[PDB]
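**Q** my sequence and its experimental structure, below.
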Amino acid sequence: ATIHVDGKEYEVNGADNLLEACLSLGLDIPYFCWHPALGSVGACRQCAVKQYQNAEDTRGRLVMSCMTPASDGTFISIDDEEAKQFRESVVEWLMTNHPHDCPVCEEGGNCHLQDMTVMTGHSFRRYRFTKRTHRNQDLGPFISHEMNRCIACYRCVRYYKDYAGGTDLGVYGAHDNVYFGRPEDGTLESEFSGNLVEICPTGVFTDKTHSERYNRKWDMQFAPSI
Amino acid sequence: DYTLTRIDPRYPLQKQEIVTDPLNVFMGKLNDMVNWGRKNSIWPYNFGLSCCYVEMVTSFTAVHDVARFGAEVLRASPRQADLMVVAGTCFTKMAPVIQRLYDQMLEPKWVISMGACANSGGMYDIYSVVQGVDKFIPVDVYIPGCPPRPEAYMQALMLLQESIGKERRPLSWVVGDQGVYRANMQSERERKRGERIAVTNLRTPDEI
Amino acid sequence: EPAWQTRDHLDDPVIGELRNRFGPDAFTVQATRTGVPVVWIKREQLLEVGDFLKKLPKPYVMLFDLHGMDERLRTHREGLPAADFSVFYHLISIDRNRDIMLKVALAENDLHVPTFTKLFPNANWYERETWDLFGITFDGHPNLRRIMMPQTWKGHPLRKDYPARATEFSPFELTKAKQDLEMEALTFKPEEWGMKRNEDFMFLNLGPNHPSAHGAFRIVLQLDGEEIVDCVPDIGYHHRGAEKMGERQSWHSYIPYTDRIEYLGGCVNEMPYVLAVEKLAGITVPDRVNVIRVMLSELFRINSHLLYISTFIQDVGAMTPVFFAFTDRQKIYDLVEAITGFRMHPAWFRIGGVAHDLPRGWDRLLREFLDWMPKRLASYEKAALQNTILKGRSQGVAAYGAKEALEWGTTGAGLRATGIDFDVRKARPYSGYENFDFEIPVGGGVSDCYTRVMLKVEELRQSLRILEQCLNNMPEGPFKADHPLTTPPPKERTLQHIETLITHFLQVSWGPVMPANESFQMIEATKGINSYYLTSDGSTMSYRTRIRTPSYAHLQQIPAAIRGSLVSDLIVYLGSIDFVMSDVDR
Amino acid sequence: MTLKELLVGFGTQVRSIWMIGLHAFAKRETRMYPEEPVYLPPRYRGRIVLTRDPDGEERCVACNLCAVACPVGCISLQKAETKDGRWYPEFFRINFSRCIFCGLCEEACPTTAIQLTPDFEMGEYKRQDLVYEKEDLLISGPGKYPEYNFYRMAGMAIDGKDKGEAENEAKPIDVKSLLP
Ligand SMILES: CCCCCCCCCCCCCCCCCC(=O)OC[C@H](COP(=O)(O)OCCN)OC(=O)CCCCCCCCCCCCCCCCC
Ligand code: SF4
Ligand code: SF4
Ligand code: SF4
Ligand code: SF4
Ligand code: SF4
Ligand code: FES
């Protein structure tokens, strides 16, 4: 399959979607709700690009790269002004209800939402109204819960229910009061519930065992081990 | 509350041991007179290394007037100098030169590290910098700063004077004990912790 | 089109001339944000291209810079020839007011280039440094020895596989054998330095301990009686590894290291680095930022010139103007402490602006300094600078013309005392210097010590005029740009907005992400032309930081100008250059 | 040499002597440290302290931004948590023999806890005594920022501040609420 990103030709796999194909080529498209192991759902509306019908097209249309197949002879633009403005607007909408929590958050410096806020170029706040809040739940000894930081990307429920097969985590509520967690306070029963600390792009699910003696990612001495 | 040092030529070539203060009342008065004369006339070696030397010669100028302490003669020869101010970075090419100049100085001699470079290497944790001048020569006073302001150099001069004024050295090289006794004085951090912790309000940085 | 845009500069007439002379396939034109035409020339055509540029109708007469780059770790090398290492040559034509950057690609095994010294004599020290730090051999060099590190040093420090920090190495142990071995290495031998020695040529040692404010360094002198028949400066005693730290610190955290490049310059040293990083980031700073940075640059320029004039007068033999000039420096320091919070290394410029706004009451202190300075300057002239003993010590001592200044890369007052009107603030204006009315003083054609000192007095007066214009016209507006890459963001929005807090959090911890590009900024420093050449590989750290300083050129010009003079003439020439050893070694 | 040159030089030497004499008849420019205290501007970059909130608690949330923004790397700290859930430094040490007093840590602090105060008198006899622990840095007041509190801005719930009690925050709405 042949795609044209910003006037440059690329050879990709036609069975892949545009987001994973463009990330495999080294291009940067912001995304929240898509995971390679979980598939595409088109929820966060962050991976928007501008697709053109043919080569001699100027208008185009905003499509979602996770929901669009990378078929042969595709014409898309990432650095288009309208696509960049829409991605910055999506980051801004996610940032309207976000708590001022980065210094006291275990995801700080390891946060996908921080990286995508910086990548979209959104650094000026003009929202002046209140932010929604959520109470937290006790999820056991391993996972720490902080629902104020959620961006409603549905990664946790998709992984935990579709992939891991767990039963006790779900999404509850409505329009902007979506809650992600257990129906009641208790320990998460899945044997693979600890992957929520890497699945969640925010600091809603955090490593409590690490949060006891917490240090940032840049301060860690890492090794490859078994 | 004293340390005993004797030298006999890795650097530094000295061994120190914690010893009780030995201190006739005439010998004591002679010792205080010698210490007073040594501390009220301290001739620094005019040694230029880096920007900290620019601050040191700023301290020597008219708006600061380090001459008031009797520390202005500023000898160009290490034989005539009492104090070595390492005012700058200890570069690896300059470190044997510093060691040679310190060896060419004569007793009694004192060392002031001026700046973060001379203290520990400072911001220059790099291949061509010795991480502090205390790696190879013994230091009496340390000044944090990059650079210290000239009055910080004067404050270290006062600290050195107070350290000299209660140290014991032989009056003559034929009579007495020839080891050098230095006072184990209270650290300035623990002394100023009482007046530093109690600070509550400071002027806001939006004004002059 | 903004001034930071990526340009290939194919409209430059030098590109068309090179196309007509060497052919279209002979070289590759690279589009950069440096503002200069970058041409990748093949190695065997390098001397031909140098001769062609030297014999143009408006020739490229000055080798501005010559250094190397390790391209092994560089991932974003799109549109570039294949290379493990590279050597770049920055050449300036003053008549065209243009400049060109030639680049020679080298493989890892064949690290040899033909030498450039037959065209430009400053290539001697530039190629010695390139060999010292990168291991690139230059065939035909008169003496290719190390110039920064000692001769008994293993490895080349600026290679990417060389560990940067001292804590990586063993801690410094000074034993008796080590002290003897390093004292043996610093001993001078006539044959190794290319002295080329009559039964009367004695040898003189000047340093390395130096009783002056401008660093510590050595000069070895060949003497016939009192006449200097030959001399070669020994430098590297003040090497701080600032470029390796440029590869080791992030974009924001490197600014204190940019401060200590020329430690009498301060914000003047901060200016080209932040300008080049803003070119990399695509940031156009507002006008208030430009006026603030011009004001602080001129304040530190007056500070440096005051120290230089005082040190020159002290080296002549009058010891009172150093006291009064340091009092004037204390007045400048009062204003600088009020604005930035520090005296000599403020580290106050930022990517996108300045660290804080101007404090309330800065105009008052600037008024006191502007009222204080000119009477003190006139007293300095009447007391010491018009003294006939000082004139006899200074006039006609170590004099050179326009050709010797051009061939050695001398800039600043030494170049402009030869009659060449070339200031960066008027030829290639930066940071809104085109909005200020000031004059560029020039000499008659001969660069004496006295002519350079009087020229620096004239630039002190012109900087006072620029400071008066800054005081009268300072715009009301932001002290930081509204770009997303302004590092750090404005503090109050960081303290109450989550997106601004995220931007600040990632910019001060991991660093700001400059996209992969090359940028260049040259400014008129307090001692000449200071330039930053910054190569970014798309990361939060600089891939390459090249700092060109004029003191390197002036210390290299010393043996050509002091030859056949006295030792006291050498002392006066050292006092009248306006150098520092941090600028030389860095 | 010329006789006119000799006379002009003699007159210039006399003029220099005269000017230095009138400079002797001038006012002393010396600031008499230490009897005259040294004036410092409020934003002077001297001794580093950790400050407290107006409520009296220490402002540092142990977020390690100052340690990573330090170009020397002379700040070391460890996060600890109280039972209510607030973050604080378990310890906090600054190697002042390494610190270049550049103010980058204060610029990077999102709680205005770490500050550089107008104090330069920091001389020491031993280099081990230049390592200032949290006992030597935490002062009794707010310092240069008298009213800023980070925990009034944060979304995390601590003692005396539950969910929705922060600035620009609404009360939490349960998913079981009857309102649409
Ligand atoms: C071994 C030594 C042999 C030589 C000396 C023999 C004994 C002295 C014989 C008389 C000397 C007269 C000298 C000439 C006086 C008039 C000209 C003059 O002053 O020239 C010097 C200088 C010229 O000006 P210029 O350098 O061009 O600066 C630009 C400003 N127009 O103008 C100036 O600098 C300004 C005016 C300065 C005037 C200075 C005083 C002149 C008279 C001195 C008399 C004796 C004083 C003795 C000391 C008294 C104080 C302690
Ligand atoms: S989840 Fe990310 S953006 Fe939200 S408070 Fe934590 S670090 Fe900040
Ligand atoms: S809790 Fe995390 S993974 Fe789940 S929807 Fe919210 S942001 Fe996504
Ligand atoms: S401590 Fe700072 S001011 Fe002093 S020599 Fe080092 S770099 Fe210069
Ligand atoms: S002032 Fe600079 S060197 Fe000192 S602790 Fe803060 S960031 Fe580090
Ligand atoms: S940046 Fe401020 S709040 Fe964060 S660890 Fe440092 S002093 Fe504490
Ligand atoms: S990643 Fe495509 S819409 Fe979320």
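**A** All right, it came through fine. Residues are numbered from 1 along each chain as shown, chains lettered A, B, ... in the order given. Ligands and ions are numbered 1, 2, ... in the order given.
**Q** distance check, residue C:213 against ligand 5.
**A** In this view, residue C:213 and ligand 5 are 24 Å apart by Cβ to the nearest ligand atom, to the nearest Å. All C-beta atoms are positioned from the backbone trio N, CA, C, and that covers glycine.
**Q** whoops, residue D:64 was the one
**A** 13 Å.
**Q** residue in chain D nearest to chain B?
**A** When scored by Cβ to the nearest Cβ, chain D has residue D:141 as its residue closest to chain B, at 2.9 Å.
**Q** is it true that that residue touches residue D:51?
**A** Yes - counting by Cβ atoms under 8 Å, residue D:51 is a contact partner of residue D:141 at 6.7 Å.
**Q** close to ligand 3, is stretch A:195-202?
**A** Yes - for stretch A:195-202, a contact with ligand 3 is found by Cβ under 6 Å from any ligand atom, at A:199, A:200, A:201, A:202.
**Q** residue contacts, the third one?
**A** When contacts are counted by Cβ atoms under 8 Å, 6 or more residues apart in numbering or on different chains, residue A:201 is found next to A:32, A:111, A:112, A:113, A:116, A:151, A:153, A:155.
**Q** grab the nearest non-local neighbour of the residue of chain D closest to chain B.
**A** residue B:200 (2.9 Å; Cβ to Cβ, 6 or more residues apart in numbering or on different chains).
**Q** quick one, what contacts the residue nearest to the spatial centre of chain A?
**A** The centre of chain A sits closest to residue A:32, judged by Cα atoms, centre = their mean, with a distance of 1.7 Å. Listed by Cβ under 8 Å, 6+ apart, the contact partners of residue A:32 are A:43, A:44, A:46, A:94, A:112, A:113, A:116, A:151, A:153, A:155, A:201.
**Q** ok, for it, nearest residue in space, not its chain neighbours?
**A** Per Cβ to Cβ, 6+ apart, closest to residue A:32 is residue A:44, 3.7 Å.
**Q** now that neighbour: how far from residue A:62?
**A** 14 Å (Cβ to Cβ, to the nearest Å).
**Q** please identify which of those two sits among more neighbours.
**A** residue A:44 (23 against 14; other Cβ atoms under 10 Å in any protein chain shown).
**Q** that one reaches residue A:151, doesn't it?
**A** Yes - using Cβ under 8 Å, residue A:44 is in contact with residue A:151, at 7.0 Å.
**Q** which ones are touching the residue of chain B found nearest ligand 3?
**A** Going by Cβ to the nearest ligand atom, ligand 3 is nearest to residue B:205 of chain B, at 38.2 Å. Neighbouring residues of residue B:205 by Cβ under 8 Å, 6+ apart: C:341, C:356, C:359, D:42, D:43, D:144.
**Q** if we look at ligand 7, which of these are close to it?
**A** Okay, of the contacts of residue B:205, nothing touches ligand 7 (Cβ under 6 Å from any ligand atom).
**Q** could you export those residues as CSV, including secondary structure, neighbour count and distance to ligand 6?
**A** Output for the contacts of residue B:205, formatted as CSV (DSSP: H, G, I helix; E, B strand; the rest coil; neighbours: other Cβ atoms under 10 Å in any protein chain shown; distance: Cβ to the nearest ligand atom, whole Å):
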residue, secondary structure, neighbour count, distance to ligand 6
C:341, coil, 27, 18
C:356, coil, 19, 18
C:359, coil, 19, 23
D:42, coil, 17, 19
D:43, coil, 26, 17
D:144, coil, 21, 14
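**Q** return the distance of the biggest strand by length in chain D from the chain's centre.
**A** The longest strand of chain D (DSSP state E) is strand D:87-95. In terms of Cα atoms, centre = their mean, to the nearest Å, the centre of strand D:87-95 is set 15 Å apart from its chain centre.
**Q** quick one: the helix or strand just after it near chain A?
**A** Next along the chain after strand D:87-95, taking DSSP states H and E as the criterion, comes helix D:104-108. No - applying Cβ under 8 Å from any Cβ of the partner chain, one finds helix D:104-108 separated from chain A by no less than 10.6 Å.
**Q** is helix D:104-108 positioned near chain B?
**A** No - applying Cβ under 8 Å from any Cβ, one finds helix D:104-108 out of contact with chain B, separated by at least 9.5 Å.
**Q** partners of the next helix-or-strand element following that helix in the sheet?
**A** Where DSSP H and E defines the elements, the next helix or strand beyond helix D:104-108 is strand D:114-116. Next to strand D:114-116 in the sheet, as set by DSSP bridges, lie strand D:48-50 (antiparallel).
**Q** flag every buried residue along stretch C:532-548.
**A** C:532-537, C:539-548 (16 or more other Cβ atoms under 10 Å in any protein chain shown).
**Q** next, format the residues of stretch A:195-202 next to ligand 3 as TSV and append secondary structure.
**A** Output for these, formatted as TSV (DSSP: H, G, I helix; E, B strand; the rest coil):
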residue	secondary structure
A:199	helix
A:200	coil
A:201	coil
A:202	coil
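**Q** if you rank these by neighbours, which is first?
**A** Ranking these using other Cβ under 10 Å puts residue A:202 first, with 26 neighbours.
**Q** what's near enough to touch that residue?
**A** Residue A:202 makes contact with A:107, A:111, A:112, A:113, A:149, A:150, A:151, according to Cβ under 8 Å, 6+ apart.
**Q** and what of residue C:326?
**A** Shown in contact with residue C:326 (Cβ under 8 Å, 6+ apart): B:57, B:58, B:61, B:62, B:63, C:306, C:307, C:310.
**Q** again, only this time at 10 Å
**A** Neighbour list for residue C:326: B:54, B:57-64, B:150, C:303, C:306-307, C:310, C:333, D:29 [criterion: Cβ atoms under 10 Å, 6 or more residues apart in numbering or on different chains].
**Q** same check on residue C:24?
**A** Shown in contact with residue C:24 (Cβ under 10 Å, 6+ apart): residue C:18.
**Q** what does residue C:317 give?
**A** C:384, C:387, C:389, C:390, C:393.
**Q** nearest to residue D:171, of the residues you listed?
**A** Distance to residue D:171, by Cβ to Cβ, is smallest for residue C:384 among those, at 76.0 Å.
**Q** count the residues that sit near that closest one.
**A** 25.
**Q** quick one, phi psi at it?
**A** Per-residue torsions, residue C:384: phi -130, psi -40 (degrees, to the nearest 10).
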